[PDB]
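Protein chains in written order, with the deposited numbering: chain i, 3 to 51; chain a, 1 to 534; chain g, 3 to 57; chain e, 25 to 152; chain f, 48 to 145; chain l, 28 to 63.
I have placed the structure first, in the form of structure tokens, so that the comments after it can refer back to it.
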Ligand code: HEA
Ligand code: HEA
Ligand SMILES: [Ca+2]
Ligand SMILES: [Cu+2]
């Protein structure tokens with residue numbers, strides 16, 4: 003009989019790990035999807051200047 | 001009878017009076033918000049003809065009625081007076097006769113406020129009554145004088161109430177209740193009373209300085225005479241930032257108690273919870289001038305106030321995580337108080353992130369005196385303190401009154417207020433980032449977009465309030481029939497997995513406070529022989 | 003001194019505490035007459051102030 | 025054993041059942057359990073479980089079967105009434121500003137476009 | 048430790064003098080993070096027979112089915128406990144169809 | 028543990044992305060439907 007233990011422990015770990023990973027994409031899409039797009043269109047008008 | 005209500009000494013009757021005054025002022029103050037939203041629905045003066053006065057006056061009345069006449073008498077005077085003696089185990093308060101004057105000086109303030117509004121001038125100065133605009137040359141009537149007198153009455157009520165709670169907690173506990181072993185709500189009330197005691201006198205000094213300067217010719221803040229209108233800002237906000245914590249700390253105890261009863265597991269790390277609760281109160285006295293970033297302070301003091309205000313997030317975050325850790329493993333019961341608590345956990349964290357975003361002095365030069373700040377503090381006030389007030393009512397009312405409230409008709413109210421308030425207060429952050437200022441009755445046309453959406457959402461919340469009033473009526477009338485039919489839920493804790501239905505009916509309440517063991521409604525003389533703990 | 007004989011009077015009186023002393027009638031009756039004038043006279047000037055007539 | 029009529033289908037029969045009548049069944053059920061099992065009748069084993077662990081008295085759910093749909097319809101009705109009542113009160117209001125004509129808003133753009141109002145982003149000023 | 052855990056609830060169940068205590072101990076044994084060993088469950092079955100409560104013995108496997116978290120480990124507990132369960136007479140929930 | 032956790036975890040992330048997109052992305056509906 004396998005001593006099933008710590009089901010909560012790793013379930014806790016994955017929950018916290020996913021939260022940072024899912025929050026990682028949310029944070030990363032803001033920086034490199036939206037915010038980085040804003041900088042490039044900003045620089046183009048200044049580049050023509 | 002006159003003797004029972006005019007000569008009250010019983011603390012529970014004073015709590016009922018505090019509650020009754022809170023709802024009337026709550027309805028009065030939430031109609032001015034309706035008129036404000038109707039005036040801001042579209043560009044141009046639509047309902048109020050052209051009067052810029054009677055708009056600022058309505059805003060002042062709304063703010064004062066919501067803060068000093070709804071939240072203060074309900075959370076502190078309503079719940080604190082009724083529940084602190086019962087959970088501690090005291091039969092009543094230490095000073096039972098000044099507990100009555102702590103209440104009866106509140107209706108006088110309402111008379112002073114209404115007669116201030118009815119005088120031809122009015123008080124269009126904001127809830128922060130700044131000296132030069134509210135001086136005798138710009139506000140020349142007896143209006144703001146009467147408004148100041150109301151603040152003195154509320155201050156004396158709060159001070160005499162705060163002195164009562166400190167002595168009551170310190171030496172009226174039962175035979176086993178060491179100061180180390182207290183319910184968290186009592187801890188919140190204790191810390192709130194200590195903040196009030198140390199913060200009220202400075203407000204009284206500043207307000208009396210303003211009064212004497214208007215009528216007694218003292219160059220306290222008059223520019224011609226060496227006075228400084230910025231000294232008033234220091235004096236007022238020294239009571240001002242600590243104040244935003246008197247209105248949320250008793251809101252923390254309610255959430256702490258709610259989430260550990262409908263989730264059948266005790267709070268994760270209680271001693272750290274009380275440490276964090278005390279640290280927020282202690283350290284909030286060191287951050288008051290973040291409300292004065294653009295007033296022209298030194299560069300080095302701005303760095304200090306920026307560094308000290310971010311430390312607030314360290315204990316606060318501890319409370320957010322420890323609330324998410326006491327619900328991880330337990331069994332969750334999705335009732336109305338639990339739905340309010342779960343909504344609070346999300347909306348208050350949304351408000352706090354915007355708050356930490358506002359805490360940086362270098363960024364606040366773009367977000368100050370805009371609707372960004374309004375959207376911020378309407379999350380922690382209208383969704384952080386109001387929600388815990390609704391959760392506390394739905395949590396304790398059947399025990400206090402003895403009348404149930406038709407669950408399915410209350411969850412509708414919860415959803416309506418949720419999706420109504422989110423509509424009012426989420427678009428504000430969009431209006432604030434484009435630079436829409438505060439305290440204006442009419443705005444440039446380009447701002448007409450989100451204002452219409454926010455105005456539509458106010459009617460939803462007003463309808464939810466009307467439904468709540470009907471719920472009150474249906475609770476007081478034929479409320480004894482609600483627990484006979486299947487309209488309401490009777491037990492706040494379902495039996496455990498291996499607990500039979502015939503054994504749950506000999507141990508009905510497994511609670512960690514004396515409140516839910518008392519008869520419904522509690523007796524006038526609750527404790528003859530003192531209760532014993534541990 | 004008189005405390006012992008005043009103790010026996012205040013206890014076993016079955017009257018409100020402000021009416022127990024035999025000399026209390028001298029303070030209470032003139033007080034309610036002046037008190038009524040104090041809390042009713044300012045309420046008469048309220049409508050006069052709302053209209054704006056200064057006396 | 026116990027009479028066949030009483031035990032059979034003692035689930036839908038638990039509610040709408042006299043209190044004194046249902047207190048006699050548990051007295052009989054208790055005595056027959058103090059006897060070696062595998063001798064109990066099948067109707068009884070489904071009866072003792074339901075009384076102990078059924079959905080009656082306590083363990084009744086927070087919401088009944090039809091309550092979830094009632095709350096959904098009630099919430100949607102509240103949104104309809106709020107929006108409908110919003111338009112009625114809007115009729116008893118003042119006239120619009122003279123600058124919301126969509127020809128004022130079109131003319132606002134020529135001023136902005138000549139001054140180069142927004143290089144990244146727009147200056148459309150049109151919301152008619 | 049797990050062996051200390053098993054040997055101390057093996058003693059708690061042997062001392063349970065009423066139907067309130069048996070339902071109190073089993074609510075403690077299944078309240079821990081670890082799934083109990085099959086030696087623990089056997090003693091719990093004996094306790095229910097001692098206080099004469101059939102429905103709590105049925106809920107033992109119902110508690111285990113949600114607790115064991117594996118479809119083969121429930122069969123693993125099933126096989127070793129066939130002799131004691133059949134001897135006692137406890138029916139499973141699926142077999143009972145209540 | 029990979030077999031058991033997969034049956035429950037991955038569907039929830041998809042449900043997760045839906046609700047959060049509703050609470051936060053609702054004003055995008057009003058602007059598109061008729062910014063007009
Ligand atoms: C109950 C009321 C309440 C509460 C609780 C707060 C809480 C906070 N408030 Fe404030 N505030 C007001 C009511 C409140 N406030 C009002 C009414 C005004 C305007 C008054 C006026 O001008 O008229 C105001 C204005 C105001 C200003 C001045 C803005 C200006 O006028 O320009 C600032 C400046 O920093 C501020 C910051 C904060 C911070 C940092 C917190 C912190 O306590 C928040 C901390 C929260 C979090 C940190 C999120 C939760 C924590 C976590 C999720 C853990 C993870 C966190 C991190 C990793 C950081 N708010
Ligand atoms: C507790 C404090 C509180 C509450 C509840 C509210 C509730 C609301 N407020 Fe606000 N408001 C302030 C405190 C509050 N407010 C302050 C301090 C200012 C600054 C004033 C100034 O600039 O000088 C302000 C300013 C302010 C403005 C900006 C004015 C300006 O800057 O010019 C607006 C704009 O729409 C607004 C609207 C609303 C609306 C629509 C509601 C409500 O419709 C939102 C939904 C809430 C309810 C409907 C209340 C429900 C609860 C009850 C009625 C109590 C009964 C319930 C129980 C006992 C459980 N108020
Ligand atoms: Ca208008
Ligand atoms: Cu502050």
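Ideal Cβ positions, reconstructed from N, Cα and C, are used throughout, including at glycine.
Given this structure, state the Cα-to-Cα distance separating residue 53 (chain a) from residue 130 (chain a), to the nearest angstrom.
17 Å
Starting from residue 390 (chain a) and walking both ways along the alpha helix (DSSP H), at which residues does that stretch end?
385 to 400
Considering only the beta carbon of each residue, do residue 82 (chain e) and residue 491 (chain a) sit closer than 9 Å?
yes
Contact shell at 6 Å, judged by CB to any heavy atom of ligand 4, ordered along the chain
a:241, a:244 and a:291
Residue 34 (chain e) versus residue 262 (chain a): straight-line alpha-carbon distance, rounded:
For residue 34 (chain e) and residue 262 (chain a), the distance between alpha carbons rounds to 31 Å.
Neighbourhood of residue 57 (chain f) by C-beta, 8 Å cutoff - its chain only, sequence neighbours within 5 removed
86, 87 and 90
Write down every uninterrupted run of the beta strand (DSSP E) in the stretch 57 to 94 of chain f whose length is 3 residues or greater and which is fully enclosed by it, in chain order.
none
If we ignore side chains and look at the alpha-carbon of each, how far apart do residue 473 (chain a) and residue 395 (chain a) end up?
Taking C-alpha positions only, residue 473 (chain a) is separated from residue 395 (chain a) by approximately 18 Å.
Do the CB positions of residue 483 (chain a) and residue 91 (chain e) come within less than 9 Å of each other?
no
Can you pull every residue whose C-beta falls closer than 7 Å to some heavy atom of ligand 6, listed in chain order?
This structure lacks ligand 6; its bound ligands are ligand 1, ligand 2, ligand 3 and ligand 4.
Going straight from the alpha carbon of residue 226 (chain a) to that of residue 218 (chain a), what length do you get?
10 Å
Residues of chain f with CB closer than 8 Å to the CB of residue 57 (chain e), please, in chain order.
99, 100 and 101
Determine the direct distance from the alpha carbon of residue 59 (chain f) to that of residue 97 (chain e), and round the result to whole angstroms.
Counting only the Cα atoms, residue 59 (chain f) lies some 52 Å from residue 97 (chain e).
So if DSSP puts residue 263 (chain a) in a beta bridge, which residue, or which two residues, is it bridged to?
a:332
With a cut-off of 9 Å, does the C-beta of residue 69 (chain e) fall near any C-beta of chain f?
yes
Kindly indicate the opening and closing residues of the alpha helix (DSSP H) around residue 50 (chain i).
38 to 50
Suppose contacts are defined by Cβ-Cβ distances below 9 Å. Is residue 376 (chain a) in contact with residue 349 (chain a) by that definition?
no
My output table needs one value for residue 370 (chain a): the three-state DSSP class, helix, strand or coil.
strand
My understanding is that residue 37 (chain a) touches residue 458 (chain a), with C-beta atoms under 8 Å, so please give their C-beta distance in whole angstroms.
Contact holds; Cβ gap of about 4 Å.
Keeping to the same chain, check which residues put their C-beta closer than 6 Å to that of residue 446 (chain a); ignore five residues upstream and five downstream.
none
Quick test of your reading: residue 78 (chain a) and residue 19 (chain a), contact by CB under 8 Å. State the CB separation rounded to the nearest angstrom.
5 Å
Using a Cβ-Cβ distance under 9 Å, would residue 15 (chain i) count as near chain f?
no
Is it right to say residue 23 (chain i) is buried, meaning 16 or more other beta carbons lie within 10 angstroms of its own, or is it exposed?
exposed
Would residue 92 (chain f) pass as an interface residue toward chain a - the criterion being a Cβ-Cβ separation below 9 Å?
no
So residue 115 (chain a) contacts chain g; which residues on that side make the cut at Cβ distance below 9 Å?
Residues of chain g passing the Cβ test: 48, 51 and 52.
In whole angstroms, what is the alpha-carbon distance linking residue 285 (chain a) and residue 241 (chain a)?
Each residue's Cα considered, the two are about 8 Å apart.
I'd like to know if residue 36 (chain i) contacts chain e, where contact means its C-beta is closer than 9 Å to some C-beta of that chain.
Chain e, which has no Cβ nearer than 9 Å to the Cβ of residue 36 (chain i), makes this no.
Is residue 393 (chain a) near ligand 2 - that is, is its Cβ less than 8 Å away from at least one heavy atom of it?
yes
Look up residue 437 (chain a) in the DSSP assignment and give the residues it is bridged to.
a:370
Does the CB of residue 60 (chain e) have a neighbour CB from chain i at under 9 Å?
no
What's the gap between the Cα of residue 356 (chain a) and the Cα of residue 523 (chain a)?
46 Å
Candidates e:133, e:27 and e:146, of which the one nearest residue 64 (chain e) by Cα
e:27
Among residues of its own chain, excluding the 5 on either side of residue 57 (chain a), which ones have a beta-carbon nearer than 7 Å to its beta-carbon?
117, 122, 123 and 124
Note down, in chain order, every chain e residue with its Cβ under 7 Å from the Cβ of residue 145 (chain f).
70, 73 and 74
Could you please tell me which residues of the stretch 31 to 55 of chain l, in chain order, have their CB closer than 7 Å to any CB of chain a?
54
Quick one: give me the first and last residue of the alpha helix (DSSP H) that residue 208 (chain a) is part of.
184 to 215
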